[PDB]
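Any read-out appearing in this document is the output of simple, stated calculations on the displayed coordinates, not a laboratory observation. All Cβ positions, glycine included, derive from the backbone under ideal geometry; neighbour counts span all protein chains shown.
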Amino acid sequence: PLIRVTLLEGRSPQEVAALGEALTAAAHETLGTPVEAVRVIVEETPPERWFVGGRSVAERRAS
Amino acid sequence: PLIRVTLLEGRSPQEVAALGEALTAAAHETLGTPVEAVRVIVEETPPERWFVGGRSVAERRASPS
Amino acid sequence: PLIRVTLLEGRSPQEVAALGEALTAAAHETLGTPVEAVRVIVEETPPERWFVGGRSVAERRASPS
Amino acid sequence: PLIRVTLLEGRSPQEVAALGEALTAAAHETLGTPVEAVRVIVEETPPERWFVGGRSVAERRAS
Amino acid sequence: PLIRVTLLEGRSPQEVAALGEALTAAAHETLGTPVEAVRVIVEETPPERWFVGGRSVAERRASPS
Amino acid sequence: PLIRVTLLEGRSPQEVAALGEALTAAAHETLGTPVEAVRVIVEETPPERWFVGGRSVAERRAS
């Protein structure tokens with residue numbers, strides 16, 4: 001199973017490593033997939049490049 | 001955050017619903033993100049359109065021994 | 001540039017055609033890119049395969065009150 | 001509605017912010033989606049990593 | 001590595017199988033990656049959902065002269 | 001035809017340029033697509049952000 005998670009920049013090394021373990025466990029538990037068959041990519045996006053309601057997360061945090 | 005999952009066709013509806021919930025719990029506990037801020041999109045690919053080693057999952061299934 | 005849109009199933013053909021045009025005009029005006037250099041791909045997801053808060057759009061629709 | 005735009009690196013901060021506003025307006029106008037329901041990610045790609053006709057945009061600009 | 005291809009609908013099964021193999025050989029020779037480490041996912045888009053210049057491939061096909 | 005290749009960071013400039021040429025040739029050969037109609041994006045992912053079996057490629061290399 002392939003999993004891509006896109007989230008905001010600024011996460012700790014712990015958080016990214018934890019996320020990759022935990023998403024893998026979730027797929028293994030719910031689908032029966034061997035853990036080695038679960039592949040995860042974490043993509044981090046700067047807050048100036050993520051918009052909700054037409055305003056960036058960087059602006060929404062400021063305003 | 002956005003979680004996009006690519007799976008082979010043929011999982012049951014109950015397994016897909018359980019996966020959505022469990023991936024969401026995993027992002028909640030590890031990142032602190034509220035569950036309502038986590039989105040999951042599950043895409044299913046037919047086995048003729050997924051290749052490993054240059055051969056489709058369908059072809060690899062037809063010769064596994 | 002490439003614009004990939006993910007939408008729930010059920011939009012009309014006319015709305016999808018109008019979206020493609022309008023996203024293209026938006027990229028043209030803001031970036032200067034010629035319209036012919038903008039590509040848009042629209043993907044439709046069934047509501048059983050889109051989750052928010054760990055529950056599918058289908059499940060959230062079945063209990064909205 | 002979720003929108004991912006991939007474009008070449010080197011855009012100004014104005015251009016990215018403008019793009020996120022304008023794509024959001026387009027989705028709101030054409031689908032009736034509340035602006036808060038439109039989410040946009042802008043991904044920027046270095047010109048050495050985008051190919052057309054088997055040559056990078058960086059090479060095509062040089063040559 | 002992961003190779004995701006987006007194609008218009010309508011290619012034959014034989015062409016899609018040949019593409020998967022050939023993209024895999026290309027990644028093997030240029031990167032050194034073993035073939036079994038290369039995955040290819042082929043996605044097909046209907047021509048009403050692919051836009052260039054703000055018009056769908058279907059619309060551009062209906063007026064090409 | 002559009003092709004996105006995600007692979008690990010650390011590739012040489014030769015390797016990325018070669019990959020973009022070779023993937024383009026493969027699409028041209030197998031589909032009959034004019035080379036100018038083949039578009040390729042190469043995305044590079046740090047090894048700490050790619051997981052197999054719940055462990056990052058960075059950890060798997062160390063351990």
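Calculate how large, on average over all directions, the projected area of the Cα convex hull of the protein assembly as shown is; give the answer in nm² to one decimal.
Spelled out: convex hull of the Cα atoms, projected over all directions, averaged, 20.4 nm².
Would you kindly give the portion of the calculated P(r) for segment F:6-55 that falls above 12 Å, as a percent of all Cα pairs? Write down the numbers at each step before the final one.
On the way: 827 of 1225 pairs.
For segment F:6-55, the fraction of Cα-Cα distances above 12 Å is 68 percent.
Just to confirm a number: summing +1 for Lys and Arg and -1 for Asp and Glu over residues other than F:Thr24 whose beta-carbon lies under 12 angstrom from that of F:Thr24, what do you get?
Charge balance near F:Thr24 sits at -1.
Near F:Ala62, within a Cβ-to-Cβ distance under 12 Å, what is the net charge of the other residues, with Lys and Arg +1 and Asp and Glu -1? Could you put the intermediate results ahead of the total?
Working: positive: F:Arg55, F:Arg60, F:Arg61; negative: F:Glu48, F:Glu59.
With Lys, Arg at +1 and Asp, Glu at -1, the neighbours total +1.
Can you work out ³J(HN,Hα) from phi for every residue in segment D:45-62, in order, using Karplus 6.51 cos²θ - 1.76 cosθ + 1.60 and θ = phi - 60°, giving whole Hz and x for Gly and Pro?
With coefficients 6.51, -1.76 and 1.60, one gets 10, x, x, 6, 10, 10, 10, 10, x, x, 10, 5, 4, 4, 6, 4, 6, 6 Hz.
For every other residue with a beta carbon closer than 15 angstrom to the beta carbon of B:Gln14, add +1 if it is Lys or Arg and -1 if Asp or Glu, then tell me the sum.
It works out to a net charge of -3.
Given +1 on the Cβ of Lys and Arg, -1 on the Cβ of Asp and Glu, and no further charges, what dipole in debye does chain E carry about its Cα centre, rounded to the nearest 20? Each step should come with its number before you reach the end.
Values: 7 positive and 9 negative charges, 60 e Å.
Using Cβ point charges on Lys, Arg, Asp and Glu, chain E gives about 280 debye.
Would you work out which of F:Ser63, F:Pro1, F:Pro46 lies farthest towards the positive end of the dipole of chain F? Charges go on Cβ: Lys and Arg +1, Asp and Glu -1.
Working it through, the farthest residue towards the positive pole turns out to be F:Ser63.
What does the charge dipole of the protein assembly as shown about its Cα centre add up to, to the nearest 20 debye, if the Cβ of each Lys and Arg holds +1 and the Cβ of each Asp and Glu holds -1?
Details: 42 positive and 54 negative charges, 3 e Å.
So the magnitude is around 20 debye.
What 222 nm value per residue comes from the helices of chain C, counting each DSSP H run with n ≥ 4 as -39,500 (n - 2.57) and dividing by all residues, nearest 500 deg cm²/dmol?
-12000 deg cm²/dmol
Note the angle between two axes, namely the Cα long axis of helix F:13-31 and the longest principal axis of the Cα atoms of chain F, as a number of degrees from 0 to 90, rounded to the nearest 10.
Once rounded, the angle reads 50 degrees.
Can you give the angle from 0 to 90° between the axis of helix E:13-31 and the longest principal axis of chain E, with both taken from C-alpha atoms, to the nearest 10?
For E:13-31 against chain E, the angle is about 50 degrees.
Can you tell me, using C-alpha contacts under 8 Å and at least 6 residues apart, the relative contact order of chain A as a whole percent? Please report the intermediate quantities before stating the final value.
Details: 64 pairs, mean separation 25.9, N = 63.
Once normalised by length, the contact order is 41 percent.
In chain B, with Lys and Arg counted as +1 and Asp and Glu as -1 at Cβ, which of these residues, B:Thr24, B:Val5, B:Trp50, has the Cα nearest the positive end of the dipole, that is, farthest along it?
Highest projection toward the positive end goes to B:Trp50.
Sticking with the crude label model, points 7 Å out along Cα→Cβ, report the distance from A:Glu59 to C:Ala58 in nm, one decimal please.
Going by the 7 Å Cα→Cβ label model, 3.7 nm.
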